[PDB]
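Secondary and tertiary structure notes
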Amino acid sequence: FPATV
Amino acid sequence: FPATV
Amino acid sequence: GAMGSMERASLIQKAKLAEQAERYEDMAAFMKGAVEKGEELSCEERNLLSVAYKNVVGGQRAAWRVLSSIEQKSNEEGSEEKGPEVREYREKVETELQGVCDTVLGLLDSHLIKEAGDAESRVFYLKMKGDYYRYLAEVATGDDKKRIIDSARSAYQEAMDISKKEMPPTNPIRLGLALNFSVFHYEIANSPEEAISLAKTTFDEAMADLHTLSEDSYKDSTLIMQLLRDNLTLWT
Amino acid sequence: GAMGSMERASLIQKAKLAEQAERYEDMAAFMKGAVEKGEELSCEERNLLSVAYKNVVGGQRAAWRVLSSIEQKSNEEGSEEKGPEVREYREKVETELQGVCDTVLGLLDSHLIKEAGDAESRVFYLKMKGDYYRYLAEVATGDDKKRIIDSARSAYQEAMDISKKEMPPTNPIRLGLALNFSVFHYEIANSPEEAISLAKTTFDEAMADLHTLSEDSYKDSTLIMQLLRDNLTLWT
Ligand SMILES: *CC(=O)NCC1CCN(C(=O)[C@]2(Nc3ccc(Cl)cc3)C[C@@H](C)O[C@@H](C)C2)CC1
Ligand SMILES: *CC(=O)NCC1CCN(C(=O)[C@]2(Nc3ccc(Cl)cc3)C[C@@H](C)O[C@@H](C)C2)CC1
Ligand SMILES: [Mg+2]
Ligand SMILES: [Mg+2]
Ligand SMILES: [Mg+2]
Ligand SMILES: [Mg+2]
Ligand SMILES: [Mg+2]
Ligand SMILES: [Mg+2]
């Protein structure tokens, strides 16, 4: 999964 | 902590 | 609300203890109680709110993905019929996830966003709005899926418009918003080119503004820039 | 009970899904529902029960220890008074922990133990009884602490007596029981010499019986023997 904050 | 199962 | 009798300051104190104890459901319940006192949140308090719910829904999303993968495998040719249990339990997890997203969206709508006038607070809440509609979109399969996706897009877009007008390109909120909206484009809107363009332009514009920063601000900005780079590397 | 309408087999199926999804509270609720159907549990089903509650209470114990350490620090000379919140939240976690232990003990008492006649089932349940009284003992500070400690001891002792009569020294249940009862001696009963003697004799007696085992049984037994060795290394 891609990075999110 | 010591090991328990 | 079960937190109605507890002082605001005590809720905040307990949310910080819950975080230390990795008790994120408790942390979220405390911060929901603090929001429902009706006063605006400080930066630190907004961060407690976001961390609590990010961790709760993050765990739900990971479980939902495990279950959805088992369910998908069950519907492949030559898979033995095992009854309704996989679908039921994925539905159970899904309904609890949607409940948490509805709870966060409800705090934002009643009344965090409308009272947030400073760009840093308003952008932060609008980003959260986009994020929790995005989590709803991840699990949506019905008549409303398009409207759910559009709700996420609209929230992110309003946050982006404010951020570009009112914050420097290195501002961590601006950066985090762009990171997430880029993921929305890639994963939800079927717009990988938009996702890549946003991540790249965000990174590059931030790079050009690092010279203005203190050491500590530079650390903050570069940490998020690396996540933009990580996504670009994954996608190209 | 909210699981009363679900088939036993479906509860078991869902407990296995919950485990895959690392949803241990759900796993425990499913297995509680399965126990409450009233039928005896197979080996596999006993393992699902134990894993679910071990993971739920394990998390509670870790959180309780974080909170108790903060509370202890708050009561040291020169620590600023911060109000009742640390104690209240440690009490909240503690009460939830005690609730889970009471729920497990209640399943064992109504009616798992009394229906368990084979040594492998009866020893396993009696070990669980000792374990959940031990967790109660960890947090006990009142009039009943001695009786709680004795309840744990008595359950472990009955399990030990059966295990030594009816199982080989390498049997994984016998080994796990001894490991845990040794920890009880060290951590709860203030009996480190007893703890060490039990761990050493258990290890040595197992070692002497490994020659009788298949490769797969040898793997199972040696895995637990290593935990005995690890504890001995910690304690000597
Ligand atoms: C009140 C406020 O301004 N909060 C922003 C603050 C910026 C620094 N920071 C982060 O960099 C991380 N979290 C987020 C969360 C949301 C947004 Cl919009 C940006 C950043 C936390 C740290 C530990 O890790 C980085 C990768 C993200 C905390 C929030
Ligand atoms: C039905 C039954 O006989 N279960 C016993 C079985 C033995 C093998 N095993 C283990 O070794 C571990 N868990 C426990 C739990 C309880 C007891 Cl009394 C002994 C062992 C699990 C594995 C993954 O790791 C080892 C260290 C412990 C599972 C339970
Ligand atoms: Mg007040
Ligand atoms: Mg649904
Ligand atoms: Mg644009
Ligand atoms: Mg039936
Ligand atoms: Mg108490
Ligand atoms: Mg003895």
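The deposited coordinates for this entry were obtained by X-ray crystallography, with a reported resolution of 1.40 Å.

Our next topic: the overall build of chain C. Within chain C one finds nine helices and zero strands. Reading chain C from its N terminus to its C terminus gives the helix and strand order α-α-α-α-α-α-α-α-α. Its C-alpha radius of gyration of 19 Å places chain C within 12% of the 18 Å reference for a compact globule of 236 residues. Dimensions of chain C, computed from C-alpha atoms along their principal axes, come out at roughly 60 × 50 × 35 Å. If you take every contact in chain C between residues at least 6 apart in sequence, the share linking residues at least 24 apart comes to 67%.

Here we come to the interface of chain C and chain A. The interface is formed by 14 residues belonging to chain C together with five residues belonging to chain A. At the junction of chain C and chain A, the tally comes to zero salt bridges. At the surface where chain C touches chain A, the tally comes to three residue pairs in polar contact. Among the elements of the structure, helix 3 (43-74), helix 5 (119-139), helix 7 (172-187) and helix 9 (215-235) of chain C are those that each provide at least two residues to the side of chain C that touches chain A. Broken down by element, the side of chain C that touches chain A gets its largest block of residues, five residues, from helix 7 of chain C. Classifying every residue of the side of chain C that touches chain A gives five nonpolar, three polar and six charged.

Moving on to the site of ligand 1. All residues adjacent to ligand 1 are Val5(A), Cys43(C), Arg46(C), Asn47(C), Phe124(C), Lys127(C), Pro172(C), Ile173(C), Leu223(C), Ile224(C) and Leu227(C). More than one chain approaches ligand 1, the contributing ones being chains A and C. Within the contact set of ligand 1, a nitrogen atom lies 2.9 Å away from a side-chain nitrogen or oxygen of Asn47(C). Compared with its free state, where it exposes 610 Å², ligand 1 has 68% of that area covered by protein. Of all the secondary structure elements, the ones that give two or more residues to the shell around ligand 1 are helix 3, helix 5, helix 7 and helix 9 of chain C. Looking at side-chain class alone, the shell around ligand 1 contains eight nonpolar, one polar and two charged residues.

This brings us to the relation of the copies chain D and chain C. Superposition of chain D onto chain C requires a rotation of 180° combined with a translation of 0.0 Å along the rotation axis, giving an RMSD of 0.0 Å. Such a combination of turn and shift is consistent with a two-fold rotation axis. The position closest to the rotation axis in chain D is occupied by the C-alpha of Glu25(D), lying 6.3 Å away. A symmetric contact is evident, with 100% of the interface residues of chain D recurring at the interface of chain C.

On to the site of ligand 2. In the region of ligand 2, the neighbouring residues are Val5(B), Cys43(D), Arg46(D), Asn47(D), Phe124(D), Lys127(D), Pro172(D), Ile173(D), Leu223(D), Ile224(D) and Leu227(D). Bordering ligand 2 are residues originating from chains B and D. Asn47(D) places a polar side-chain atom, nitrogen or oxygen, 2.9 Å from a nitrogen atom of ligand 2. When isolated, ligand 2 has an accessible area of 610 Å², and the protein chains bury 68% of it. Mapped by element, the contributors of at least two residues to the shell around ligand 2 are helix 3 (43-74), helix 5 (119-139), helix 7 (172-187) and helix 9 (215-235) of chain D. Its residues placed into classes, the shell around ligand 2 shows eight nonpolar, one polar and two charged.

This part takes up the packing of aromatic side chains. Residues and elements named next belong to chain C. Counted under the stated rule, the structure contains 14 aromatic pairs over all chains. An angle of 55° between the planes, with centres 5.7 Å apart, marks the rings of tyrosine 156 and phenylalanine 184 as tilted. Of this pair, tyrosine 156 sits in helix 6 (residues 145-166) while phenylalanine 184 sits in helix 7, placing them 28 residues apart in sequence. Taken individually, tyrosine 156 and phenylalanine 184 each receive the classification buried, so the pair is uniform in this respect.

The assembly contains three pairs of chains in contact; the pair sharing the most contacts is chains C and D. Between chain A and chain B there is no contact, and the shortest C-alpha to C-alpha distance separating them is 34 Å. The two units chain A and chain D remain apart, with a minimum C-alpha distance of 17 Å.

Next up on the list: the layout of surface pockets. A volume near 1500 Å³ is recorded for the largest pocket. Listing elements by their share of the lining of the largest pocket, those giving two or more residues are helix 2 (24-35), helix 3 and helix 4 (85-115) of chain C together with helix 2 (24-35), helix 3 and helix 4 (85-115) of chain D.

Counting 128 residues, the largest nonpolar core has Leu49(C), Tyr125(C), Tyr132(C), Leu49(D), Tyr125(D) and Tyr132(D) as its most contacted members. Discounting chain neighbours no more than four positions away, the residues touching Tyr125(D) are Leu41(D), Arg46(D), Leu108(D), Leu112(D), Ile113(D) and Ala116(D).

Criteria and thresholds
- Residues numbered from 1 in each chain as written, not as in the entry; some residues may be left out.
- Chains lettered and ligands numbered in written order.
- Heavy atoms only, no water.
- Helix = DSSP H or I, 4+ residues; strand = E, 2+ residues; numbered from the N terminus.
- Rg over C-alpha atoms; globule rule 2.2 N^0.38 Å.
- Contact = heavy atoms within 4.5 Å.
- Salt bridge = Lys/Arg side-chain N within 4 Å of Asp/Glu carboxyl O.
- Polar contact = N/O pair within 3.5 Å; in protein donor to acceptor, adjacent residues only side chain to side chain.
- Nonpolar A, V, L, I, M, F, W, Y, C, P; charged D, E, K, R; others polar.
- Near = heavy atom within 4 Å.
- Areas by Shrake-Rupley, 256 points an atom, 1.4 Å probe, with all protein chains shown as cover.
- Least-squares fit on C-alpha atoms.
- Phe/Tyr/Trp six-rings, centres within 6.5 Å; stacked < 30°, edge-to-face > 60°.
- Buried < 20%, exposed > 50% of the residue type's maximum accessible area, 1.4 Å probe, protein only.
- 1 Å grid on protein atoms, 1.4 Å probe; cavity = no way out; pocket = protein on both sides within 12 Å on 5 of 7 lines; lining within 4 Å.
- Points joined across faces, edges and corners; volume = space filled by probe spheres on them.
- Core = buried A, V, L, I, M, F, W, Y, C linked by side-chain atoms within 4.5 Å.

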